[PDB]
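Note that we place each Cβ from the backbone using ideal geometry, even for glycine, and neighbour counts take in every protein chain shown. None of the figures in this text is laboratory data; all of them are computed from the coordinates on show.
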Protein chains: 2
Amino acid sequence: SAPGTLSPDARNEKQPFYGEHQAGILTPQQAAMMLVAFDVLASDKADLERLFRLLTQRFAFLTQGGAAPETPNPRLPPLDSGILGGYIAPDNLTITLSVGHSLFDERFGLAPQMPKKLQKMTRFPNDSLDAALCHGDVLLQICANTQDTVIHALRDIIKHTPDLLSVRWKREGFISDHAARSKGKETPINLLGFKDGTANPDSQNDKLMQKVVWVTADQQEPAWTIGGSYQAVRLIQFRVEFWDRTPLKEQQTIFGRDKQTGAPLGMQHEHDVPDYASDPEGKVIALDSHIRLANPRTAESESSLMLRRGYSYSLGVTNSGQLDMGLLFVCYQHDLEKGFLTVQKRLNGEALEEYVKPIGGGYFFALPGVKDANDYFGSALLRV
Amino acid sequence: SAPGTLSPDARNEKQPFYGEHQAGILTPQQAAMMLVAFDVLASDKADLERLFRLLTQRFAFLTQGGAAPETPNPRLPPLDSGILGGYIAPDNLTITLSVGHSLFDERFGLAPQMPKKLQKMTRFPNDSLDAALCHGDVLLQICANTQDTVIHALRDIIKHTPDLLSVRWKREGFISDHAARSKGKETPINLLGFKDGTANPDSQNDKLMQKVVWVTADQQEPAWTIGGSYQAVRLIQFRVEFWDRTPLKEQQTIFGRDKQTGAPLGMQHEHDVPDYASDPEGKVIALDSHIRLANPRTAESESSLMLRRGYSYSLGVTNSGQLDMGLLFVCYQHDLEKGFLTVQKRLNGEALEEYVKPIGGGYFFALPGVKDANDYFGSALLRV
Ligand code: HEM
Ligand code: HEM
C-alpha cells in the first residue's frame, strides 16, 4: 500500500516541486514513469552549476505547469514540442534528479565530497547486464499521470541542454490501471500477476522515513547529502511465456504470497505478517521464497528496510524471440550498503531467478530537495 | 475527426466483436494499441482451421469481458495471467485479425484464393527496413482503453497457442491523452506535435466506407474477401531531436498545415479544405508538402483515399544514441494498389523524408467479420 497511488485522470493536480526533500520518492506513484539517464557534457564545475541551475528552472516550471512557450518568430524552432497543445498542465508530474558515481571523478573536482557508500553497479550472480543500459552521470525519474506529460518533460529538457546533456539510456513504464485509479486503496500489480509494494514501510510516517529513506546528520556522509537518499535501479526482464506456463502452486511458493489475496501463504489478509519462527523447515513460506529471503523479519536487521517505487514495463521482442516485459525496479534508502546491496546479496539464489533477468540500471544518489526559489540542485554540494 | 476517439476511463464499455466487419477498423481510437505479428506454426490446412476457430472463441470472450477464469486445481498453470485482477473488463478491447501474403504459400493451399492486390512489402526509396520488424503470417491489432487490457489479451492468446503461434515482431502504441479524453472532438496529436487525422474520410458514413475501405462484389476479388479490407502498416522512426531543433516555419512548410490550429496554411479552421487549383506554384501549400502529395484533391485522387488509424510510439534509445520514437502507421483501403501503394508512390521524395525513417511493417488483408457465435475467422476462405 505505501506510498499509495494517484489518479491518471487528475490533469490539474500538482505535486510540490519545492521541499526539504525531492518529490517522487514518498510521492504516491503516478500512472506513468520514465527513467532516462544522461551523460554530462559539462566542461567544468562552473558549467556544471549552469546545468543544475538550468534544471531547477525547468523542473519548477514543468511541475506546476502553465501556458506553453509560444514562438513569435516562426524562423526559430518552437520553444515547445506542442505535443500537449497550448497549455502544459502539471498532471502530477514529478522529476527526481540523481547523480551517478562517475560524476565524482577528475572532471568536476567532487571526489572528496562523494557519498560514502556510493559505488558503480557491478554484476550479481543472475545478471545479464547490458552496458547500453547501465550507469550514467545523472538519472532523471520522470513521473506523471500520463505518458504525454513525461515525454513532454524530456524533450523540453533535451531542447534546453544540447551542449550540456547527452541521452544515455531510457525506459518508460506504468503502474496497473485499476490500482492507479484506486487512489492508494489497492496495491499495484506486476506483470507476473502479484501484488507488489505491500510490505513497504509506511511512507506517510515522517519519523520512520528519517530512519529508512532520508540521509540524516548522524551519518558519516558529507553534509550536503543530508536530506537526500541513495537510489538503486534495476531493469529486470521476465521470462513471461515460461511464467504463464508455470503452476499456480509454484508461482505462490516462489513468492511466498497468495496471488489473489496478497496474504502471506497460510494467512488471509494482504497486510498479514508471517512468522518464520514457526516455519523453520520453510514448509508454509519457503526459505527459497522472495519474501522470506528479502526480509527474514528478524527486526535485528530492520536496518535493511527500504521504500520500493517500481513500475511495470512492456517493450518489444528479445533477441531470443520472446516478449520483452518486466519490472523497472526503483528503491530509496538512507544507506545503499545497509539497504539494496544487503537485500540483493540476500536474494542471490532465490527460486525467482529462474524467471527473471536483471539487465540494467545503476546506483545513484538522489539530491536534497530545493528549499525555495533561490536554491538550486546541489547548491550545498557546490559551495562548502 | 474520423475515426474519432474513446475514453481511457471507460472500463465497462464494450465493442461488438461479431458482425459484417471486424472491429478496430472503423472503431473510434482507444488510448492503447499493440501490433503483433505471428509466424503461424500450423502444419496443414486442418491445423489452420483449428487456429482460426480458437482465435474466434478467445477474442469473443476477451473483447466482451467477464470474470477471470478460475483455476480450481493449483497444480496447473493459472488459466488467467491475473494482471487484470479478478475481472477481465471489456475496456473497449477490439482485436483485429489480418493475414500476410506468406500465408498463401504451399503450406495450406490457399494460393488460388489469395486477394488480388496482396503482396510482400518491398522498399520505397527512403526505407531502412529491418528484417526483424517486417511481415508475418498473421498480424493482430489489439487496442483498448489501457495498456493493461492489451497486454492481458496477448498473453491469453499466446498461452493458448504454443503449438500454432510464434511471436514474430511486436510494437505498442498510444494516442495523445487529451484527445482520447475528448471522445472525437479533438484530432490526435502525433509526436512531432502536429494534428494527425484531420482529413480522414467519414467513418460513420455508411455509404462512403463501402467505396473506400471495404471490399465489395463490384471489384473482382475472391468472394470470401467481401467485407474485409487491405491493411498497410508502417513502423516509422522520427528524428526527434533534429525535428525539435528545426524552425517552426519549416515544420509547417513540410506538412503544409498550421501547427497550432491544424488549419490548412493560409486558412483559419482545422476542417478547412485546401485550394490547390488556386495555387499551382505552391506558395501557400508546398509542392513537396505531405498533405498536397498524399492527397492532391482532384478527380483521379478520389480513388486513392484511405482511413488512417495510426498511433504514436515511444521506446528507448536507438543504437546510435538518439530517441527511439515515431508512428505506428496503420491504414485501411478497399484496394492496396489503389490505396497505400498509390499514395506512397506520390510521397516518394517529399520533404518529410528528412525527418522520418520507415524501419518495419507490412501488408496484410484484414478478414471479414465473424458473422456470429456460429461463425469463425476466415470460414469462407477455408470451406471451399
Ligand atoms: C525480480 C523482480 C521482482 C519482482 C517481480 C518482485 C515482486 C515482489 C513481490 C510480489 C513482493 C511481495 C509483496 C510486497 O511488495 O511486500 C515483493 C516483496 C519485496 N521485494 Fe520484490 N520483486 C522483485 C525484485 C526485487 C529486488 C531486486 C529487490 C531488492 C533486493 C526486492 C525487494 C523486496 C523487498 C524488500 C520486499 C518486502 C519483503 C517483506 O518485507 O516481507 N524485490 N517483491
Ligand atoms: C511518420 C510519417 C507521417 C506523419 C508524421 C504523418 C502525419 C500526417 C499529418 C500531420 C497529416 C495532416 C493532418 C491530416 O490530414 O490527418 C497527415 C495527412 C495525411 N497522411 Fe500522413 N503522416 C505520415 C505518413 C503517412 C503515410 C506513410 C501515408 C500513406 C502513404 C500518409 C497518408 C496521409 C494522407 C492520405 C493524409 C490526408 C491529407 C489530405 O488528404 O489532406 N501519411 N499525415
**Request:** Report the residue count in the range A:170-189 for those that are assigned to a strand (DSSP E or B) and either more than 16 Å from ligand 1 (Cβ to nearest atom) or at the interface with chain B (Cβ under 8 Å from one of its Cβ atoms) (or both).
**Result:** 5
**Prompt:** Given the structure, is residue B:224 aromatic (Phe, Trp, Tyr), outside any loop (DSSP other than H, G, I, E, B), surrounded by 23 or more Cβ atoms within 10 Å (Cβ to Cβ) and out of contact with any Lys or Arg (no Cβ under 8 Å at 6 or more places or on another chain)?
**Reply:** no
**Asked** Which numbered condition trips up residue B:167, out of (1) surrounded by fewer than 24 Cβ atoms within 10 Å (Cβ to Cβ); (2) away from chain A (no Cβ under 12 Å)?
**Response** (2)
**Asked** When the range A:19-52 is examined, which residues are found to be in a loop (DSSP other than H, G, I, E, B) and under 29 Å from residue A:196 (Cα atoms)?
**Response** A:19, A:20, A:21, A:22, A:23, A:24, A:25, A:26, A:27, A:28, A:30, A:31
**Asked** Of these, A:159, A:249, which one is more than 30 Å from residue A:290 (Cβ to Cβ), at the interface with another protein chain (Cβ under 10 Å from one of its Cβ atoms), in a helix (DSSP H, G or I) and not acidic (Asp, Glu)?
**Response** A:159
**Item:** residue B:323 away from ligand 1 (no atom under 16 Å from the Cβ) and surrounded by fewer than 21 Cβ atoms within 10 Å (Cβ to Cβ)
**Value:** no
**Request:** Considering every residue within the range A:354-361, establish whether at least one is crowded, with 18+ Cβ neighbours inside 10 Å and farther than 28 Å from residue B:151 by Cα.
**Result:** no
**Prompt:** Would the range A:87-106 turn up any residue that is surrounded by fewer than 19 Cβ atoms within 10 Å (Cβ to Cβ) and within 14 Å of another protein chain (Cβ to nearest Cβ)?
**Reply:** yes
**Message:** Quick check on the range B:219-271: of everything there that is out of contact with any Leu (no Cβ under 6 Å at 6 or more places or on another chain) and among the β-branched types (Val, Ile, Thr), which residue is farthest from ligand 2 (Cβ to nearest atom)?
**Reply:** B:226
**Request:** Select from the range A:254-273 the residues that are in contact (Cβ under 8 Å) with a residue 24 or more places away in the chain and either in a loop (DSSP other than H, G, I, E, B) or of a type in the set (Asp, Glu) (or both) and list them in ascending order.
**Result:** A:256, A:259, A:262, A:270, A:271, A:273
**Item:** residue B:376 being within 14 Å of another protein chain (Cβ to nearest Cβ), more than 16 Å from ligand 1 (Cβ to nearest atom) and touching a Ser or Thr at 6+ places or on another chain (Cβ under 8 Å)
**Value:** no
**Fill in**
Residue set A:192, A:140; condition more than 11 Å from chain B (Cβ to nearest Cβ) and either touching a residue at least 40 places away in the same chain (Cβ under 8 Å) or in a helix (DSSP H, G or I) (or both); output residue A:140
**Message:** Looking at the range B:107-126, can you tell me whether even one residue there is assigned to a helix (DSSP H, G or I), under 28 Å from residue B:174 (Cβ atoms) and under 23 Å from the mean Cα position of the chain (by Cα)?
**Reply:** no
**Fill in**
Subset of the range B:10-34, residues farther than 26 Å from residue B:375 by Cα, surrounded by fewer than 21 Cβ atoms within 10 Å (Cβ to Cβ) and touching a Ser or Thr at 6+ places or on another chain (Cβ under 9 Å), comes to B:11
